[PDB]
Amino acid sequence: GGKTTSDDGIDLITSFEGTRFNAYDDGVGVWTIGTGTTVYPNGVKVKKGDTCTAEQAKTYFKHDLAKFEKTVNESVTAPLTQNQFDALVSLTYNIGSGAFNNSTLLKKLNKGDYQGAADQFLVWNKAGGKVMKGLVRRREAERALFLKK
């Protein structure tokens, strides 16, 4: 939109998401495949037993990535570094657009309060309503990227 996710950003998100050939349970029962895909671009939901090629996974990932880029570009009104944009997209890829849009993160960010926004990454550590240690790690990493310059 304004910005797009950098190659480094994509590599980070991919490291968090993984790239899987077989549909798998994300931990809370949501069948996921490729690089974090749960809904194919045609609207079909991922199901247990699906398989996905590398090329398919890339297509699906890039399709969803563009959605989240659009959210960050449109919803954030404060200036962003590329690192900040990348971090916010990584977060949004996980929490979704609605969660991002209604977050205290975004409220602080749009006041120009970068530090307060950075710290708000850390609240997004839940899956299935439960704190998940992989998300705790991920949020810390996204926050670090957000603060990196």
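All residue numbers are counted from 1 along the displayed sequence.
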Stretch with the higher entry mean CA B-factor, where the candidates are 120-128 and 41-49: 120-128
Take the C-alpha B-factors listed in the entry for 94-102 and for 80-88, compute each mean, and give the stretch with the larger one. 94-102
Between 30, 54, 33, 109, which carries the biggest CA temperature factor in the record? 54
Residue 13: which third of its chain by C-alpha temperature factor? middle
Lowest, middle or highest third: where is residue 143 by C-alpha B factor in its chain? lowest
